[PDB]
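Residue numbers (the entry's author numbering), protein chains in the order written: chain D, 200 to 353; chain q, 98 to 145; chain Z, 2 to 47; chain B, 24 to 179; chain R, 1 to 96; chain I, 1 to 176; chain W, 12 to 127; chain C, 7 to 213; chain r, 1 to 56; chain P, 1 to 328, 333 to 343. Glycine included, each C-beta is placed from N, C-alpha and C at the ideal position. Report on the following structure.
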Amino acid sequence: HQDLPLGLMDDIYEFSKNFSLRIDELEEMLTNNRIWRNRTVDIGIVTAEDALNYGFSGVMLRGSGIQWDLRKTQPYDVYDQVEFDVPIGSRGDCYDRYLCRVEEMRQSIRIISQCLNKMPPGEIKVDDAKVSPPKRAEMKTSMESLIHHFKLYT
Amino acid sequence: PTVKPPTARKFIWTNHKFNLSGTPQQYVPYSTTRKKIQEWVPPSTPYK
Amino acid sequence: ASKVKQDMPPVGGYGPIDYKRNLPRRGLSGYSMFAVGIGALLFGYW
Amino acid sequence: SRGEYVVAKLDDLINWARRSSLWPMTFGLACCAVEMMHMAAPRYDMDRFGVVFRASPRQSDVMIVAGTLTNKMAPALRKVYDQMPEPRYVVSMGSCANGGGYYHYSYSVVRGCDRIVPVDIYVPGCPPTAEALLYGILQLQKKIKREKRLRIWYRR
Amino acid sequence: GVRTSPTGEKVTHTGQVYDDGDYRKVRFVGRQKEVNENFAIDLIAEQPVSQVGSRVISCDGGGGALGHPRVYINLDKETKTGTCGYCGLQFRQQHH
Amino acid sequence: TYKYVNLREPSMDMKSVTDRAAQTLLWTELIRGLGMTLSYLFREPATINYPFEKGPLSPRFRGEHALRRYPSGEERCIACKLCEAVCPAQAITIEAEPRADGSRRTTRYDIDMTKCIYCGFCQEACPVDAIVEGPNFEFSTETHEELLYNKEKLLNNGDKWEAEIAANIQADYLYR
Amino acid sequence: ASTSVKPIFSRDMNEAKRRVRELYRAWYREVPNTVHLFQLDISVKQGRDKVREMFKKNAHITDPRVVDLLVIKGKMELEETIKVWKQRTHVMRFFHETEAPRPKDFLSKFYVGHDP
Amino acid sequence: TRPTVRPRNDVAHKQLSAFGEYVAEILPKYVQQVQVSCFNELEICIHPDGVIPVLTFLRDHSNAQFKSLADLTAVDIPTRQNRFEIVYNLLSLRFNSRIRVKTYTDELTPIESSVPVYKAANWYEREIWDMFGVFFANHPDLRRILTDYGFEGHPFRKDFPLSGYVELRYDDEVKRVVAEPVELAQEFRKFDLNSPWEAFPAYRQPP
Amino acid sequence: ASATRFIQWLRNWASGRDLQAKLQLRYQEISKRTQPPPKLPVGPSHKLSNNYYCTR
Amino acid sequence: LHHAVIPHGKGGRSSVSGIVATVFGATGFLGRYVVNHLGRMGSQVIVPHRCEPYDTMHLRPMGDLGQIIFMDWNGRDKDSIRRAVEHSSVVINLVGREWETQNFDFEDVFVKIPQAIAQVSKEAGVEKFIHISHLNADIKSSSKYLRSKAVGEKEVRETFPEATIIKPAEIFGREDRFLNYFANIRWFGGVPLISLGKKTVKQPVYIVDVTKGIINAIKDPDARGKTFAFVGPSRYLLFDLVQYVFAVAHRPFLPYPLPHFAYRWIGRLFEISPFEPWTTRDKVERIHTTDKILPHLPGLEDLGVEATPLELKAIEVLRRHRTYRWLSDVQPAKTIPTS
Ligand SMILES: NC(=O)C1=CN([C@@H]2O[C@H](COP(=O)(O)OP(=O)(O)OC[C@H]3O[C@@H](n4cnc5c(N)ncnc54)[C@H](OP(=O)(O)O)[C@@H]3O)[C@@H](O)[C@H]2O)C=CC1
Ligand code: SF4
Ligand code: SF4
Ligand code: SF4
Ligand SMILES: [Zn+2]
């Protein structure tokens with residue numbers, strides 16, 4: 200809809216800088232906690248054949264060892280220009296899926312760092328007034344722009 | 098506002114008001130349009 | 002007639018961002034822990 | 024000097040106790056439940072006003088209907104409302120629980136939780152910001168502060 | 001600029017008021033009738049008529065991108081002033 | 001690329017086995033979790049003192065609605081019904097007719113704040129910046145009826161928040 | 012030919028009416044404890060009248076495929092009641108307790124509104 | 007390449023086109039029509055009797071291996087004699103490709119359930135029945151899944167009104183939630199948005 | 001960030017990491033809430049020639 | 001009447017019935033049902049209330065947006081009464097109380113207040129007026145409750161000549177003090193009854209029938225200036241009725257006789273509390289007052305209502321008194341024939 204306001208990517212960088220420590224503290228409380236392990240280990244085990252045949256996707260597949268991610272196999276937007284790893288489980292239980300999500304929160308910080316360093320300039324919506332509305336400055340001076348603004352919103 | 102004060106206009110409220118809900122000054126909605134159909138008013142004069 | 006100005010990364014990019022797990026290794030060994038535990042009992046029994 | 028004065032200060036005490044120890048029973052139904060949790064998060068911390076995060080129906084003093092009420096869920100909402108010890112208040116949070124909202128003209132949405140239970144406070148938004156709900160919770164407190172149960176009893 | 005009706009009810013800028021035998025005045029008992037006192041039809045009539053030397057003048061409401069779409073007004077009709085369709089500002093031609 | 005999260009095989013030497021045995025009996029990893037909560041006790045809480053302190057917002061914030069005027073007292077709305085036609089929730093009702101002076105203005109402009117999804121499309125579609133969403137977000141009511149705004153309520157909101165609405169548009173109209 | 016069609020359960024009406032009768036039997040025997048489990052305020056008599064009334068309305072049907080669906084839906088309705096998936100409110104939505112009577116004579120409709 | 011136009015993928019189009027003929031030649035008994043859209047999506051149109059032979063084939067055949075039921079939905083087109091259109095969206099992890107299999111039915115004609123082929127279809131078929139009224143044969147448990155208990159009608163059919171027929175409120179006389187005929191304080195305002203001028207001459211129908 | 005060095009030592013020791021370099025509270029490293037006005041780029045179709053719509 | 005608010009719709013919640021009704025005493029047992037039926041059809045119901053607003057909340061879900069309007073009033077402040085009746089076309093007076101307070105007594109609530117509402121309504125210009133009285137109303141009865149209604153009933157007919165007075169008998173329902181009162185005697189062991197509950201004949205009427213009758217009288221103009229009497233379809237002995245109540249409740253029943261003078265004495269110590277009295281000297285009189293058989297007054301059947309048998313809807317009221325959830333039928337109470 201609108202371009203990013205000035206001074207936003209600096210705040211995202213400041214936030215992304217400290218978010219790794221936050222996940223660490225989350226893992227200090229749960230990953231190696233024997234109470235957490237006993238309530239998530241060997242619970243909800245799904246086989247790789249049943250997961251596929253039941254319509255599962257995401258961590259419900261990767262939890263059981265299936266190597267599948269639509270960002271790496273069927274990329275969209277600029278996901279093929281970013282580097283990240285896909286965490287894969289071994290046991291297929293609740294504990295292994297909890298680990299994949301935690302690791303995905305790390306790989307997401309990894310992608311954000313690349314996005315901040317590779318953001319290109321330019322417009323933020325298609326320069327085609329028959330699909331995306333024109334800028335309000337144009338809508339108030341150009342007849343064609345005002346016609347397309349009128350139609351795209353009625 | 099003590100540094101970059103707001104622009105002054107005639108219609109801006111000089112005195113601000115807080116949430117007036119639950120008080121006699123609350124907002125009661127109503128239609129702001131006038132009656133659409135005008136009925137026929139029979140004559141006040143008898144006949145026969 | 003100023004130039005374009007939109008939210009862009011500073012010239013040279015941002016500083017590195019840590020993401021890998023960083024759970025440290027703190028404490029004593031299993032041998033030493035049992036030694037201190039047994040040592041307390043013997044002194045206590047005494 | 025007058026019984027109206029004595030019965031009025033004793034009324035402030037019960038109003039103050041009920042206003043300062045509201046225990047909600049959030050009916051987390053839809054997206055608005057996310058902004059209700061943010062009200063319990065560290066930044067706003069409803070628990071500091073004496074408002075506990077979560078409680079069971081028979082220990083609850085106020086129901087917060089945060090989300091869309093559907094025809095399949097309406098009978099369950101009234102049952103919990105009935106089983107709530109009095110005094111009991113309801114806070115309607117979000118457009119869906121106020122008048123149906125984005126789903127007003129749907130065949131399965133109740134056009135407002137006020138068709139099912141009485142509502143004491145309406146919090147507008149989609150979703151209301153966690154601070155906007157806290158304004159609604161603090162507005163409910165001034166309602167209890169303004170009650171005159173013992174005054175009215177003394178003049179029957 | 002309110003024109004309070006004989007029954008003491010304010011007439012809004014759209015001319016809306018309840019008659020005597022109307023049951024919908026009960027909603028205002030113990031409450032008030034929210035009426036905005038700044039009538040836009042009175043404030044725009046007290047704006048000076050600008051004088052210009054060109055037969056055609058452009059109005060964008062002031063502020064540029066913050067105003068209204070730019071329209072061009074014709075001023076060859078001496079019997080009346082040229083009015084903007086968006087903001088109501090009026091324009092007259094100096095002598096010709 | 002991919003990485004196994006839980007494929008490590010534990011060591012089976014005497015020292016490693018006696019480390020896990022010590023962990024089981026002496027509860028070492030549980031003590032490690034008590035230290036983390038102890039750390040948070042001595043940190044500064046992230047709680048702001050509402051209502052004396054407010055959470056940060058931005059000029060884009062979509063709050064309560066208002067109807068604006070030009071710097072003359074004249075309304076900006078000219079009853080084009082573009083906002084009415086784009087409202088996803090159909091929360092706007094407009095009726096118009098020539099005014100006494102012949103100007104295209106509304107006789108009804110209702111916003112049902114219980115159907116509204118506070119989405120901003122009405123203020124994007126307005127070609128004269130008449131209808132906007134202000135920064136006010138504290139307008140909770142004790143009755144359902146007084147969240148059904150008519151033209152008078154919206155005009156009063158504009159005349160009440162204009163000092164702040166004008167500054168926000170001034171700070172963000174070069175993006176939109 | 013075009014009139015040829017894939018059956019649902021019953022290939023003819025005579026086999027279709029067997030399912031209807033089996034469905035009336037299960038419904039007829041479930042009203043007694045449906046009025047007990049739900050703690051309704053209606054006697055079992057008018058409970059079986061309501062079951063009887065619903066069946067009679069779909070009595071002019073002469074298409075086995077239509078009848079099979081009406082039976083399929085009826086058993087779905089019966090299962091919900093037996094397993095108490097329905098609340099007390101759902102079971103009483105057949106009786107239209109709170110709907111005011113709407114007279115069907117011409118003059119009565121003439122005075123109230125424009126509907127036929 | 008123009009910056010505002012979606013780039014073509016001629017390699018995918020040729021591959022999916024070939025695989026469409028491959029499926030058509032292996033199942034002449036069922037495949038009625040095969041299409042590849044301008045954005046490279048293969049749609050296989052089959053006879054309703056061939057739901058199990060074709061879904062089972064695409065799931066097992068070594069060159070197909072469509073071992074994931076992405077979605078299963080119906081589309082209501084009243085103008086058609088068979089107003090319903092059952093759409094199966096299948097995914098293949100082995101070949102990183104997707105296919106769509108479409109069949110048809112009407113109100114009274116059963117369609118064989120695909121639960122034996124994909125266990126994912128258990129709830130998808132309940133939704134199609136609940137919302138569209140299509141009955142699925144040999145289904146382990148067929149019921150309403152999304153609608154209120156005792157709800158009469160199938161909401162997603164094009165002839166079902168948006169606001170339904172009944173609405174709920176609490177009634178103090180009977181101390182329960184009751185259902186009454188629908189009345190709306192504000193009627194939904196029907197907008198006629200269609201422009202009278204043709205927009206896509208490429209899709210023009212004969213006179 | 002106002003904690004005395006002693007309390008900082010205690011929290012750092014218990015957690016196991018230096019918490020003072022990665023505080024979860026923001027003080028002054030955040031962008032100023034008032035920023036200079038922008039001037040956004042224009043799209044590829046903002047040309048006065050060779051820009052017929054039927055070619056894009 | 002050049003306005004004559006015109007009905008619109010199908011008679012549903014969002015419809016318009018054209019009735020602008022002020023319902024005094026709408027916060028009680030009878031008010032809940034009257035307001036519910038009015039708002040269930042689309043009526044503009046003004047509810048003047050004296051209690052705290054928290055006690056009017058159950059009345060809010062009974063109408064569409066803006067169809068229920070709440071006002072403050074004082075029984076002795078004629079200005080407040082006028083504010084709530086000046087815009088209306090029908091006034092309903094459901095005000096009453098079973099006991100006397102220091103501020104208000106039977107004269108105040110049954111004579112002085114009802115007369116003020118009628119007098120203010122008459123000059124305000126209200127065309128209709130519904131007033132509720134008691135079936136056993138006479139100026140020669142032991143009960144001061146029933147004596148005052150007869151005195152106040154005539155003032156309404158003399159201040160608002162066209163008013164419609166309705167004289168229901170005891171009403172039973174979920175929130176009633178008639179069948180719930182009988183079932184709550186169990187806290188004191190046996191069930192005292194003057195005589196042995198004999199020599200008393202009562203004709204209880206259902207709450208909804210009284211409500212539908214009040215609503216019908218607001219529609220048909222063949223009730224202006226009339227006087228009705230709402231009575232049930234069957235007459236029962238008081239002993240039989242109480243035994244039936246305890247049979248439905250499924251609780252021990254140990255009735256014993258008690259002299260009238262002794263019953264009052266226990267009825268005076270129970271009216272010393274400054275809260276809802278459990279029983280009163282006046283309340284004991286009304287339980288044992290045989291219901292009149294006025295046959296010259298039109299009843300429910302004339303207004304289009306069919307009296308509901310008590311056996312049909314007695315479990316509805318007495319269900320909560322049963323101590324077991326399900327409890328696995334009670335024989336009908338012996339009814340006095342018609343002869
Ligand atoms: N219910 C019965 O068994 C019988 C009822 N009736 C008649 O019906 C009417 C009452 O019915 P019911 O619902 O049972 O009575 P309730 O006890 O349930 O409620 C009485 C109503 O009158 C109001 N009231 C009492 N005193 C005052 C006062 N000084 N000022 C203002 N309001 C007052 C009360 O308001 P609040 O409590 O909020 O202060 C309340 O709304 C009476 O006319 C009665 O004679 C006749 C036959 C049987
Ligand atoms: S009001 Fe908005 S946020 Fe709340 S449930 Fe509805 S759509 Fe979601
Ligand atoms: S914010 Fe969106 S939903 Fe609300 S009135 Fe504007 S367009 Fe409608
Ligand atoms: S508010 Fe704006 S978009 Fe809506 S009718 Fe008025 S001028 Fe048009
Ligand atoms: Zn202009």
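Buried or exposed: which applies to residue i, given that a residue is buried once 16 or more other Cβ atoms fall within 10 Å of its Cβ?
i, result
"residue 329/P", "This structure gives no coordinates for residue 329/P. The numbering of chain P moves from 328 immediately to 333."
"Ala12/W", "exposed"
"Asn150/I", "buried"
"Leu48/r", "exposed"
"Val60/C", "buried"
"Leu147/I", "buried"
"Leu193/P", "buried"
"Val90/P", "buried"
For a test of your reading of the model: does the CB of residue i fall under 6 Å from any non-hydrogen atom of ligand 4? Yes or no.
i, result
"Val71/R", "no"
"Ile346/D", "no"
"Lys115/I", "no"
"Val128/I", "yes"
Measuring straight from C-alpha to C-alpha, what distance separates residue i and residue j?
i, j, result
"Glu34/R", "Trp46/B", "36 Å"
"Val29/B", "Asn112/q", "38 Å"
"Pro102/q", "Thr34/r", "15 Å"
"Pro36/r", "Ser58/R", "30 Å"
Taking residue i and residue j to be in contact with their CB atoms under 8 Å, please state how far apart those CB atoms are, rounded to whole angstroms.
i, j, result
"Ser74/C", "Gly254/D", "7 Å"
"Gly42/P", "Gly9/P", "6 Å"
For residue i, is the beta carbon positioned less than 6 Å from some heavy atom of ligand 5?
i, result
"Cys55/B", "no"
Return yes when the C-beta of residue i is under 6 Å from any heavy atom of ligand 2, and no when it is not.
i, result
"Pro88/I", "no"
"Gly117/B", "yes"
Using only the heavy atoms of ligand 1, determine whether one of them is closer than 6 Å to the beta carbon of residue i.
i, result
"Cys83/I", "no"
"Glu285/P", "no"
"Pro168/P", "yes"
"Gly66/P", "no"
Could you tell me whether any non-hydrogen atom of ligand 3 is closer than 6 Å to the CB of residue i?
i, result
"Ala217/P", "no"
"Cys314/D", "no"
Closer than 8 Å, Cβ to Cβ, to anything on chain I: give me those residues from the stretch 104 to 132 of chain q, in chain order.
Hits within the stretch, in order: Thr104, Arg106, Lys107, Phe108, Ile109, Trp110, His113, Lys114, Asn116, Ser118, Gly119, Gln123, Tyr124, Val125, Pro126, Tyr127, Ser128, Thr129, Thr130 and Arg131.
Chain-ordered residues of the stretch 79 to 106 of chain I with a beta carbon less than 8 Å from chain q
The stretch 79 to 106 of chain I vs chain q, Cβ under 8 Å: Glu95.
Against chain D, which members of the stretch 24 to 37 of chain r pass a CB distance test of less than 8 Å?
The stretch 24 to 37 of chain r vs chain D, Cβ under 8 Å: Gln24, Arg26, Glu29, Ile30, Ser31, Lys32, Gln35 and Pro36.
What residues from the stretch 9 to 33 of chain R come within 9 Å of chain P, judged by C-beta to C-beta, listed N to C?
Against chain P - using a Cβ distance shorter than 9 Å - the residues of the stretch 9 to 33 of chain R are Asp19, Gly21, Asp22, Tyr23, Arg24, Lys25, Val26, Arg27, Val29 and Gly30.
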